[PDB]
Amino acid sequence: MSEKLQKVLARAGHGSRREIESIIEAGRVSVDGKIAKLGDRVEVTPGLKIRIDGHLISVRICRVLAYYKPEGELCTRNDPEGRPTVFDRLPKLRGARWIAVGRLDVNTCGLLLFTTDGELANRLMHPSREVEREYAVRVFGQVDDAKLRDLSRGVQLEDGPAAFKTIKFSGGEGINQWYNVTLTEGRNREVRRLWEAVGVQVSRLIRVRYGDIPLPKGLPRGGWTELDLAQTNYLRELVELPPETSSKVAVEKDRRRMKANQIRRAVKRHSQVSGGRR
RNA sequence: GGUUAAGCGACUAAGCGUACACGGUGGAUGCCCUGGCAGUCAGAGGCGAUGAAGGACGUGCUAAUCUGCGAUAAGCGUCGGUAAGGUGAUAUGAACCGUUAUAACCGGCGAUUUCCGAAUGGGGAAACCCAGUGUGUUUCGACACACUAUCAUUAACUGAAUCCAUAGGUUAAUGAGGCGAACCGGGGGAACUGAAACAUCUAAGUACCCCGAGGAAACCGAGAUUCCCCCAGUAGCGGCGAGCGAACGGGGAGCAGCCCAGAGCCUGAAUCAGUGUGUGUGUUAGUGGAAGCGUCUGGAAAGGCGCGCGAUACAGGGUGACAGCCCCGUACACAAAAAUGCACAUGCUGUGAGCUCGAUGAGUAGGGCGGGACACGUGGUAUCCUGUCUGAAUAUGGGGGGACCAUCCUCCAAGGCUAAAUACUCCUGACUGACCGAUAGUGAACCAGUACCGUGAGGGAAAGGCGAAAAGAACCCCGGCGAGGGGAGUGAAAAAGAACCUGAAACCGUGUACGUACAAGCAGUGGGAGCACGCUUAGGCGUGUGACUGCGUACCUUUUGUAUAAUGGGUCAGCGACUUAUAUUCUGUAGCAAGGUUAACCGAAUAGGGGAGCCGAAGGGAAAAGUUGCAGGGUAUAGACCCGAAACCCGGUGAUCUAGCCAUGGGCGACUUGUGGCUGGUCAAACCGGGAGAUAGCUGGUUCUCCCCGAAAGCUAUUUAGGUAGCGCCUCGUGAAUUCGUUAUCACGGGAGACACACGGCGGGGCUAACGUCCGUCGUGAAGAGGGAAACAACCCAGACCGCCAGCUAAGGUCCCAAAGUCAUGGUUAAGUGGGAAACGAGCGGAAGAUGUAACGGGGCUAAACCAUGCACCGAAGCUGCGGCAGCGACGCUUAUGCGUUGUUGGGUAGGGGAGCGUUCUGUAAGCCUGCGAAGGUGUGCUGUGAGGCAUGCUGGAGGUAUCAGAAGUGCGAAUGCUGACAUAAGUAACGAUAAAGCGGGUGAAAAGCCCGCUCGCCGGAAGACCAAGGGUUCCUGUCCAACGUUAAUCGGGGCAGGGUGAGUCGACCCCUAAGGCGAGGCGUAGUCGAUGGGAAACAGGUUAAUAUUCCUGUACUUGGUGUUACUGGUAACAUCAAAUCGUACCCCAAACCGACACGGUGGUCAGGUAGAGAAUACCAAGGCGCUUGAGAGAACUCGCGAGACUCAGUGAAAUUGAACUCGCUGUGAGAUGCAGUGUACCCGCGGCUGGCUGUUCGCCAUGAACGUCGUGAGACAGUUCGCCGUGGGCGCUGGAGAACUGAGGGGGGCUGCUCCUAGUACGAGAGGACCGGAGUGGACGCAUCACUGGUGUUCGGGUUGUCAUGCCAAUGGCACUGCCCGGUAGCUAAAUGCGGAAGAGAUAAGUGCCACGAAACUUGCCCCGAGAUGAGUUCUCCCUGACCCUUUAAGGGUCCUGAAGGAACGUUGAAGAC
């Protein structure tokens, strides 16, 4: 089948779409010898020979991990001011990369998923799937049980009547409380904009459970967890795509707990690494 | 001798790993095969309206299949050869026939030779249904036989528009509308590979397909034709790119050259053919046919020894082991009732010669008007075909002689024919081979054009190793009247017993010996100790096992690196990606010496004979004295080192199913059903076969072994780009001069690959401002062993051929780990300096920073460090010594290597050069070996520097091999390779589209679940039954339990046997009619056909073990013929006779059928009784029957004491993973489970591994700049936050068991607040105001809490609508969630009462004095835990008298006898309470 030229050089370990167009316009990488034109499409077949600016790159398994993004980081790559991001701890791949799913702010933590294919990263964001996820809200201010039922109905926000679904109580008698709000529409930052109407200011938003992936009880900040085969096959057939039978994860169920402990050690290590990069 | 203490020290494995012997699942290899591919010497190329090829049933004395056969049904008549046997085979028995000439089998000549398929009477579904017309007939009611869909030709007869002719119809005869290969011809017609680019071109008048025919097709000469052998990869043609592509002569004759235009004198002539008979010679079925007697070994003789016959015949195979002569086949000698072919007697019909007299081919050529095909668009344009309208000549016109004009001869237009060889191999017989032997060869060696799958078509698996002869287990024992196994018997052999000759690797077990429960994470070899079965007249000699130590960052592919969180393979066995054919060029080998070579054809078939070509023989000279094959080594081209491409084109399936529109027939209003027509940008040009075993140069992959040697990094010229000329140094061969003591240098020939650089010292280059960028060889971090810096291939050191318990260096170093001065002489001796860097100030503090120490690889080090000088040891595979300096290359002594020495020595991909084996087939080789035991497989030993070969033993019992050569499907570790046989994951997960289990009895060796019986409630106008499809014996009965079924399954929906379902009034066939079709002429009429309505009848009951409305019995109605009566052939009454075929059960609303879990779709018919307006609701009635399987316990969540989930008998999985004896942290190199160093482990499990936190946006505590969608730079979509720490069984701590203590190390016992008195205070002239110590009152539950004060509370006070119990009611109790619950005692749970963490004492940092003080983290000591703490203690009561032999006489073991204290035990036990 025929595909776009800017898409083949996207997941191969180069750039995205606008960055690839800035390279083919100067006369660097070319297909079949002649200089290709922007906006065309060719048939990708395992047999072509191209050189990325005079460098032979062999371009021909999907891996999805769960990184949790603490405070003081960015979900992008380049930054005009030079703030640290999240693409500084991902391992290197041979002819592959990682594609983030979603977008968060600085004061909004969450468990992001980094996939390899660009098609699956655009299905979970579309409202056609509607996946329910769990969040942990740590309120701090004047809040009672009378305002918990008013925000569950139609409340005017600024663009659309944003509301919640189910609000429970799981302890919280000291200085803060636990208002586990369940959401399923997605959007981008739809919890802080609803609690600022009262004394609540939303100090930190931490994501707990996403869809049906079991959260490992004992995972500190600064570190990614690669999902096994039994976990990546759930979100694959959830949309349209058939499940893949080829992977890399075997058993290592005790080797995996070794992972847990040594990795808590190495998250301490990566905090040290961020300090050093400072 | 007895007791006590200390050190060393036999004995605990339910497992895992290793070796020998003994089995099984699995059936490889060797060997064996009436079956093939491919050629030659004779032949054959058929069958085709008296019924084909390919294909269901029926047929034997018999239950069935294939071949064959057709109620005259593997048999019969006539005519021939052998008569001591047969009724085909798989595959035996039972039943018959033949014996002084009626058996069977083979060949020839006749009769006979279904429905259906080209099928002709009309439809049609290849085996469903009806025959139309005309005779005879012991059967006016029954059968058989014969003739007729067409077109064309000949003859006879008849006949319209339209007087003649012509169309149509009838009869007879001849001819044939059939199917499956190769090759040839005619009419049409493709894609892909390399094309510098492009509709130029090659591939390619091709593959495939249609019709028809044939047996094969179509300036020196000379006028049947074609093919093969030559001229010839030629003379020509093309952007003269790759390609395509002729003739004469000659070398070879396996050719044979006819008839008509013919009058006349003369015919059954000469040369020949067709149709009969007779003789002679052949082909196609048969018979006779010579030649080994015996003995030893062995159960058995085809081979051995001695003596012979035979040999025109030993071509091959079978006959108990390897066969001339024991059989079946070959020389020689004979037969003709039928048919056919090649020379010859006679006969009938025959297109017909010689001599004489004549002739040598008119609608043609050329020209004019209007088109197309010949490469050429109507060109400068030749040649080929010429409709309609026209039109010449016969040396006064035309062509040819290797084509200007001219001359002479031949030729100058419509005729009719021409064999064999050569092409082609689907069928028969004989013969042949350096082809193969069940993953080979063909899809297929047997029941392979198979089981199975799909709507049809296309395409498409596995499976014999039966034995010489079936001698294929009588009887007895166990068990279930089985399966399986053990004895006996038979046989040479029984681990070959219906998986059946020999039985490997891998996987899975038993017995013996060794190691492991304190061991170091893909650890193997070596060194060393202990122990066992055979060293052995002391000899730790060898193998397996082998605690502990030392050395070493596994292996392959892919790479600038592979020790990597970057990627690939589960293993074993079998199989697997030829360097061939056809040109040219180059090299090596060998025969006449100035004839080196022939191909095809021919030949006593490789020699002889034959020179028309290719390669050469006139050099010197710019120009005007050797070659052909085979083999080996390269390039290009039919596929050519290419596993599955994708896309496009061509040849057979494209309105069938779903969803619509116009015209609708019936049954009861946008209903439903059946048929037909119209509409192809997903059934809208899917798949398979042919092209095509095509094609993407890279990606995966150039495969077994072996000796020597061996090109590159960021580059140069510099265009036009993933490329053309070209690279010093280096290789093989040749040439080779002191050129730069075996050619290191120059030239020539052959083979024809890569390309991001980075750091440090010295020397150079933007503001040496940036520790960057830009340059050179060996050389630490990435195509060079090992050693050293803790480890390795971008500065250190070294050219590593092989053996050993040898000695001596350099770099790095010398305290221990771990072999290397605890050295000597001068300095240094309190900043953890020795364990980084800049600038500023005067060898110190030295951004002097958390590499388990408040920054060396480890423990340390206050000099045990560093610099300089002098003196030792240790230091690889270098130098040296010994042995062949194994192997290769020279000189000096030597003509086919016995050298006395020295030097280069295993870095490497691609490529190139010299010396290589094993296995299989043939000549060598009918020889030799060959039952005192072959080959292969399976062990050990010996030999060899190469892959190996030779011998012997066990198993096995039938044909095998070496030397001198040559020809290939040729040595296997991976391509997710393909086939077959097998693990871990795991004896675990799972028990599902949801009515409910349990109790009793009977059968059986075994009954949780199957069968049978009783009561209430889940199913129940449908989870029911009866019709129409699909299926065509799944429904009844009996026996059996291997396979089939999600467990069991004595049941059954499984197999076998028995048992097929009564039809003129059960359903309607045939025929007629409507819509919709077909319809000879013409381009829909006349007809032929086509129904769920109209079309004679029966509504009901009884009788089955299984299926009925039918037979028996009772009653009713109608349509023909015949006989009688009545009325005038028809009608009525009575009686008698006849009336075909097909379908038929179970299933039919989800079980028996179609998607594996009714993870749904599913036409149509019947709405009973009571109540109600109706089809809701009410009596959930009757009938069919009541999830496909159990027992305890009964969280959170969910549904309403129950129903699920989790843990358990039995049965019973997949994905992933190269393989396991699954150890942290720091550090190194782009996030280390596996290397090195330190701390810590008996095996199998479960629970821990950013709310414990923050008084309110900020701080603390570490268990239009992006990331993705697609889009022909066209922009939108939506979318952007902008093993360790702990807890349980079975064990151990020195034979063993039940307690109480001492308590190493860590989280835990050291965490918080207010008031009053001391105290308007110490110090101070005032104000503000102490510190320490003591008491009391608050948070958090530190263990709690029952006298009193609360709450909760399924066995007791105490009620209540209805119902139930005590006989009924009341008075008392219990059930529908604990029906709503109203109160309380004891045990448990708590917001209140008592006690209780800030101590007493000792030791620190910071801070404060001149030893004295010293905090919430540390320590005897105030809660609590703890001896798996391997370093492992003491006391204390106890527990603790059975013996005889063998032997190497000792920490020993076995048999007979015995079973203690304590612990362990689960039918005699639930106020103990989720588990």
# chains A, B, ... in the order shown; residues from 1 in each chain; ligands from 1
>>> interface_residues(of="chain A", to="chain B", cutoff="6 Å", atoms="only C-alpha atoms (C1' of nucleotides)", output="list in words")
residues 38, 39, 40, 47, 76, 94, 104, 105, 118, 250, 255 and 261 of chain A
>>> closest_atom_pairs(of="region 541-658 of chain B", to="region 962-983 of chain B", cutoff="10 Å", atoms="only C-alpha atoms (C1' of nucleotides)", output="Markdown table")
| residue | atom | partner | partner_atom | distance |
| --- | --- | --- | --- | --- |
| B:556 | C1' | B:974 | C1' | 8.2 |
| B:557 | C1' | B:974 | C1' | 8.3 |
| B:568 | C1' | B:974 | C1' | 8.8 |
| B:569 | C1' | B:974 | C1' | 5.4 |
| B:570 | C1' | B:983 | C1' | 8.5 |
| B:571 | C1' | B:982 | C1' | 8.8 |
| B:572 | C1' | B:982 | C1' | 9.0 |
| B:573 | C1' | B:981 | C1' | 8.4 |
| B:574 | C1' | B:979 | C1' | 8.2 |
| B:575 | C1' | B:978 | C1' | 8.2 |
| B:576 | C1' | B:977 | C1' | 8.5 |
| B:578 | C1' | B:969 | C1' | 7.8 |
| B:643 | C1' | B:975 | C1' | 7.8 |
>>> write_last_selection(atoms="N, CA, C and O atoms (P, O5', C5', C4', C3', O3' and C1' of nucleotides)", output="PDB file, in the first residue's frame")
ATOM      1  P     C B 556      31.075 -16.509  18.279  1.00  0.00           P
ATOM      2  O5'   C B 556      29.765 -16.584  17.375  1.00  0.00           O
ATOM      3  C5'   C B 556      29.579 -17.643  16.447  1.00  0.00           C
ATOM      4  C4'   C B 556      28.203 -17.605  15.831  1.00  0.00           C
ATOM      5  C3'   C B 556      27.841 -16.334  15.079  1.00  0.00           C
ATOM      6  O3'   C B 556      28.368 -16.302  13.763  1.00  0.00           O
ATOM      7  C1'   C B 556      26.062 -16.934  16.513  1.00  0.00           C
ATOM      8  P     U B 557      28.757 -14.899  13.083  1.00  0.00           P
ATOM      9  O5'   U B 557      27.360 -14.299  12.609  1.00  0.00           O
ATOM     10  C5'   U B 557      26.564 -14.977  11.647  1.00  0.00           C
ATOM     11  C4'   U B 557      25.193 -14.359  11.529  1.00  0.00           C
ATOM     12  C3'   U B 557      25.157 -12.871  11.217  1.00  0.00           C
ATOM     13  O3'   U B 557      25.337 -12.590   9.840  1.00  0.00           O
ATOM     14  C1'   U B 557      23.671 -13.340  12.993  1.00  0.00           C
ATOM     15  P     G B 568      13.219  -9.897  17.600  1.00  0.00           P
ATOM     16  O5'   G B 568      14.056 -11.125  17.029  1.00  0.00           O
ATOM     17  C5'   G B 568      14.109 -11.385  15.635  1.00  0.00           C
ATOM     18  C4'   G B 568      15.090 -12.485  15.311  1.00  0.00           C
ATOM     19  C3'   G B 568      14.848 -13.819  16.000  1.00  0.00           C
ATOM     20  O3'   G B 568      13.851 -14.599  15.362  1.00  0.00           O
ATOM     21  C1'   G B 568      17.127 -13.239  16.195  1.00  0.00           C
ATOM     22  P     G B 569      12.933 -15.599  16.222  1.00  0.00           P
ATOM     23  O5'   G B 569      13.795 -16.934  16.313  1.00  0.00           O
ATOM     24  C5'   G B 569      13.816 -17.862  15.238  1.00  0.00           C
ATOM     25  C4'   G B 569      14.697 -19.047  15.544  1.00  0.00           C
ATOM     26  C3'   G B 569      14.380 -19.801  16.826  1.00  0.00           C
ATOM     27  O3'   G B 569      13.305 -20.713  16.680  1.00  0.00           O
ATOM     28  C1'   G B 569      16.702 -19.396  16.710  1.00  0.00           C
ATOM     29  P     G B 570      12.163 -20.807  17.809  1.00  0.00           P
ATOM     30  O5'   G B 570      12.711 -21.907  18.824  1.00  0.00           O
ATOM     31  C5'   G B 570      13.506 -21.538  19.941  1.00  0.00           C
ATOM     32  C4'   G B 570      13.890 -22.741  20.768  1.00  0.00           C
ATOM     33  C3'   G B 570      14.482 -23.914  20.002  1.00  0.00           C
ATOM     34  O3'   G B 570      15.857 -23.748  19.707  1.00  0.00           O
ATOM     35  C1'   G B 570      12.821 -24.701  21.482  1.00  0.00           C
ATOM     36  P     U B 571      16.486 -24.407  18.383  1.00  0.00           P
ATOM     37  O5'   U B 571      16.784 -25.913  18.806  1.00  0.00           O
ATOM     38  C5'   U B 571      17.652 -26.206  19.890  1.00  0.00           C
ATOM     39  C4'   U B 571      17.504 -27.635  20.349  1.00  0.00           C
ATOM     40  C3'   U B 571      17.757 -28.705  19.297  1.00  0.00           C
ATOM     41  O3'   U B 571      19.135 -28.973  19.102  1.00  0.00           O
ATOM     42  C1'   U B 571      15.760 -29.200  20.458  1.00  0.00           C
ATOM     43  P     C B 572      19.672 -29.442  17.661  1.00  0.00           P
ATOM     44  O5'   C B 572      19.153 -30.941  17.524  1.00  0.00           O
ATOM     45  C5'   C B 572      19.733 -31.987  18.292  1.00  0.00           C
ATOM     46  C4'   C B 572      18.961 -33.273  18.148  1.00  0.00           C
ATOM     47  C3'   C B 572      18.851 -33.833  16.737  1.00  0.00           C
ATOM     48  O3'   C B 572      20.005 -34.550  16.335  1.00  0.00           O
ATOM     49  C1'   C B 572      16.724 -33.866  17.764  1.00  0.00           C
ATOM     50  P     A B 573      20.499 -34.494  14.807  1.00  0.00           P
ATOM     51  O5'   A B 573      19.459 -35.417  14.030  1.00  0.00           O
ATOM     52  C5'   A B 573      19.400 -36.815  14.275  1.00  0.00           C
ATOM     53  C4'   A B 573      18.218 -37.448  13.587  1.00  0.00           C
ATOM     54  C3'   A B 573      18.081 -37.165  12.099  1.00  0.00           C
ATOM     55  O3'   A B 573      18.910 -37.992  11.300  1.00  0.00           O
ATOM     56  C1'   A B 573      15.996 -36.832  13.154  1.00  0.00           C
ATOM     57  P     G B 574      19.585 -37.410   9.964  1.00  0.00           P
ATOM     58  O5'   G B 574      18.375 -37.308   8.933  1.00  0.00           O
ATOM     59  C5'   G B 574      17.803 -38.476   8.363  1.00  0.00           C
ATOM     60  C4'   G B 574      16.575 -38.152   7.550  1.00  0.00           C
ATOM     61  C3'   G B 574      16.769 -37.156   6.417  1.00  0.00           C
ATOM     62  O3'   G B 574      17.306 -37.748   5.247  1.00  0.00           O
ATOM     63  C1'   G B 574      14.859 -36.559   7.668  1.00  0.00           C
ATOM     64  P     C B 575      18.355 -36.937   4.339  1.00  0.00           P
ATOM     65  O5'   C B 575      17.496 -35.742   3.731  1.00  0.00           O
ATOM     66  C5'   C B 575      16.524 -35.980   2.723  1.00  0.00           C
ATOM     67  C4'   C B 575      15.725 -34.737   2.421  1.00  0.00           C
ATOM     68  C3'   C B 575      16.520 -33.535   1.936  1.00  0.00           C
ATOM     69  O3'   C B 575      16.826 -33.597   0.553  1.00  0.00           O
ATOM     70  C1'   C B 575      15.023 -32.854   3.633  1.00  0.00           C
ATOM     71  P     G B 576      18.203 -32.981   0.000  1.00  0.00           P
ATOM     72  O5'   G B 576      17.962 -31.406   0.033  1.00  0.00           O
ATOM     73  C5'   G B 576      16.975 -30.803  -0.792  1.00  0.00           C
ATOM     74  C4'   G B 576      16.770 -29.352  -0.436  1.00  0.00           C
ATOM     75  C3'   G B 576      17.999 -28.461  -0.535  1.00  0.00           C
ATOM     76  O3'   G B 576      18.264 -28.031  -1.859  1.00  0.00           O
ATOM     77  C1'   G B 576      16.915 -28.073   1.525  1.00  0.00           C
ATOM     78  P     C B 578      22.120 -23.464  -5.425  1.00  0.00           P
ATOM     79  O5'   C B 578      22.323 -24.891  -6.105  1.00  0.00           O
ATOM     80  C5'   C B 578      23.518 -25.201  -6.806  1.00  0.00           C
ATOM     81  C4'   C B 578      23.441 -26.560  -7.455  1.00  0.00           C
ATOM     82  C3'   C B 578      24.599 -26.928  -8.370  1.00  0.00           C
ATOM     83  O3'   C B 578      25.733 -27.402  -7.664  1.00  0.00           O
ATOM     84  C1'   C B 578      22.556 -27.422  -9.450  1.00  0.00           C
ATOM     85  P     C B 643      12.911 -17.154  -5.536  1.00  0.00           P
ATOM     86  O5'   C B 643      12.490 -17.609  -4.068  1.00  0.00           O
ATOM     87  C5'   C B 643      12.706 -18.940  -3.626  1.00  0.00           C
ATOM     88  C4'   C B 643      12.396 -19.091  -2.158  1.00  0.00           C
ATOM     89  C3'   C B 643      11.057 -18.536  -1.700  1.00  0.00           C
ATOM     90  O3'   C B 643       9.976 -19.416  -1.956  1.00  0.00           O
ATOM     91  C1'   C B 643      12.756 -17.822  -0.219  1.00  0.00           C
TER      92        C B 643
END
>>> residues_around(residues="residue 14 (chain A)", least_positions_apart="4", cutoff="12 Å", atoms="only C-alpha atoms (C1' of nucleotides)", output="PyMOL selection string")
chain A and resi 6-10+18-21+23+29+52-53+57+59+93-98
>>> select_by_dssp(residues="region 114-193 of chain A", states="strand (DSSP E or B)", output="JSON, numbers by chain")
{"A": [114, 115, 133, 134, 135, 136, 137, 166, 167, 181, 182, 183]}
>>> atom_distance(atom1="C1' of residue 935 (chain B)", atom2="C1' of residue 960 (chain B)")
6.3 Å
>>> residues_around(residues="residue 109 (chain A)", least_positions_apart="2", cutoff="12 Å", atoms="only C-alpha atoms (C1' of nucleotides)", output="PyMOL selection string")
(chain A and resi 67-75+86+102-107+111-112+135-137+189+202-208+221-222) or (chain B and resi 1250+1281)
>>> residues_around(residues="residue 325 (chain B)", least_positions_apart="5", cutoff="8 Å", atoms="only C-alpha atoms (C1' of nucleotides)", output="PyMOL selection string")
chain B and resi 291-292+310
>>> write_last_selection(atoms="N, CA, C and O atoms (P, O5', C5', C4', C3', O3' and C1' of nucleotides)", output="PDB file, in the first residue's frame")
ATOM      1  P     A B 291      19.519 -84.532 -20.278  1.00  0.00           P
ATOM      2  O5'   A B 291      20.695 -83.620 -19.712  1.00  0.00           O
ATOM      3  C5'   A B 291      22.051 -83.888 -20.038  1.00  0.00           C
ATOM      4  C4'   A B 291      22.946 -82.733 -19.665  1.00  0.00           C
ATOM      5  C3'   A B 291      22.917 -82.314 -18.204  1.00  0.00           C
ATOM      6  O3'   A B 291      23.741 -83.122 -17.382  1.00  0.00           O
ATOM      7  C1'   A B 291      22.709 -80.402 -19.574  1.00  0.00           C
ATOM      8  P     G B 292      23.084 -84.132 -16.319  1.00  0.00           P
ATOM      9  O5'   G B 292      22.994 -83.282 -14.975  1.00  0.00           O
ATOM     10  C5'   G B 292      24.172 -82.896 -14.272  1.00  0.00           C
ATOM     11  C4'   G B 292      24.099 -83.270 -12.812  1.00  0.00           C
ATOM     12  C3'   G B 292      22.961 -82.618 -12.029  1.00  0.00           C
ATOM     13  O3'   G B 292      22.508 -83.516 -11.015  1.00  0.00           O
ATOM     14  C1'   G B 292      25.030 -81.990 -11.079  1.00  0.00           C
ATOM     15  P     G B 310      28.897 -83.519 -22.944  1.00  0.00           P
ATOM     16  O5'   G B 310      28.054 -82.173 -22.818  1.00  0.00           O
ATOM     17  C5'   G B 310      26.634 -82.199 -22.810  1.00  0.00           C
ATOM     18  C4'   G B 310      26.062 -80.887 -22.336  1.00  0.00           C
ATOM     19  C3'   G B 310      26.397 -79.669 -23.183  1.00  0.00           C
ATOM     20  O3'   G B 310      25.562 -79.542 -24.321  1.00  0.00           O
ATOM     21  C1'   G B 310      26.781 -79.170 -20.908  1.00  0.00           C
TER      22        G B 310
END
>>> residues_around(residues="residue 1244 (chain B)", least_positions_apart="2", cutoff="12 Å", atoms="only C-alpha atoms (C1' of nucleotides)", output="MDAnalysis selection string")
chainID B and resid 14:15 1242 1289:1290
>>> write_last_selection(atoms="N, CA, C and O atoms (P, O5', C5', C4', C3', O3' and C1' of nucleotides)", output="PDB file, in the first residue's frame")
ATOM      1  P     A B  14      15.181 -39.405  50.217  1.00  0.00           P
ATOM      2  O5'   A B  14      13.754 -38.761  49.926  1.00  0.00           O
ATOM      3  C5'   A B  14      12.611 -39.578  49.725  1.00  0.00           C
ATOM      4  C4'   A B  14      11.397 -38.752  49.380  1.00  0.00           C
ATOM      5  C3'   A B  14      11.508 -37.899  48.125  1.00  0.00           C
ATOM      6  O3'   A B  14      11.259 -38.632  46.937  1.00  0.00           O
ATOM      7  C1'   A B  14      10.652 -36.586  49.890  1.00  0.00           C
ATOM      8  P     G B  15      12.363 -38.685  45.772  1.00  0.00           P
ATOM      9  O5'   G B  15      12.488 -37.173  45.287  1.00  0.00           O
ATOM     10  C5'   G B  15      13.275 -36.834  44.154  1.00  0.00           C
ATOM     11  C4'   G B  15      13.463 -35.343  44.037  1.00  0.00           C
ATOM     12  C3'   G B  15      14.380 -34.873  42.918  1.00  0.00           C
ATOM     13  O3'   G B  15      13.734 -34.821  41.658  1.00  0.00           O
ATOM     14  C1'   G B  15      14.966 -33.774  44.924  1.00  0.00           C
ATOM     15  P     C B1242      21.745 -21.582  54.366  1.00  0.00           P
ATOM     16  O5'   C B1242      20.604 -22.683  54.212  1.00  0.00           O
ATOM     17  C5'   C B1242      19.560 -22.525  53.263  1.00  0.00           C
ATOM     18  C4'   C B1242      19.073 -23.858  52.751  1.00  0.00           C
ATOM     19  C3'   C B1242      17.857 -23.819  51.838  1.00  0.00           C
ATOM     20  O3'   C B1242      18.182 -23.488  50.499  1.00  0.00           O
ATOM     21  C1'   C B1242      17.558 -25.495  53.476  1.00  0.00           C
ATOM     22  P     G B1289       4.059 -24.519  62.657  1.00  0.00           P
ATOM     23  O5'   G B1289       3.933 -25.599  61.492  1.00  0.00           O
ATOM     24  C5'   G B1289       4.789 -26.731  61.451  1.00  0.00           C
ATOM     25  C4'   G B1289       4.325 -27.737  60.428  1.00  0.00           C
ATOM     26  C3'   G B1289       5.235 -28.936  60.214  1.00  0.00           C
ATOM     27  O3'   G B1289       5.059 -29.947  61.193  1.00  0.00           O
ATOM     28  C1'   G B1289       4.616 -28.038  58.121  1.00  0.00           C
ATOM     29  P     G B1290       6.336 -30.636  61.881  1.00  0.00           P
ATOM     30  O5'   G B1290       7.062 -31.390  60.681  1.00  0.00           O
ATOM     31  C5'   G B1290       6.500 -32.561  60.108  1.00  0.00           C
ATOM     32  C4'   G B1290       7.264 -32.999  58.884  1.00  0.00           C
ATOM     33  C3'   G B1290       8.753 -33.241  59.080  1.00  0.00           C
ATOM     34  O3'   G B1290       9.037 -34.515  59.633  1.00  0.00           O
ATOM     35  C1'   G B1290       8.421 -31.917  57.155  1.00  0.00           C
TER      36        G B1290
END
>>> atom_distance(atom1="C1' of residue 777 (chain B)", atom2="CA of residue 54 (chain A)")
29.7 Å
>>> atom_distance(atom1="CA of residue 63 (chain A)", atom2="CA of residue 99 (chain A)")
10.2 Å
>>> closest_residue(among="B:511, B:363, B:75, B:690", to="residue 650 (chain B)", atoms="only C-alpha atoms (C1' of nucleotides)")
B:690
>>> residues_around(residues="region 91-98 of chain B", least_positions_apart="6", cutoff="9 Å", atoms="only C-alpha atoms (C1' of nucleotides)", output="ChimeraX atom specification")
/B:61-62,85
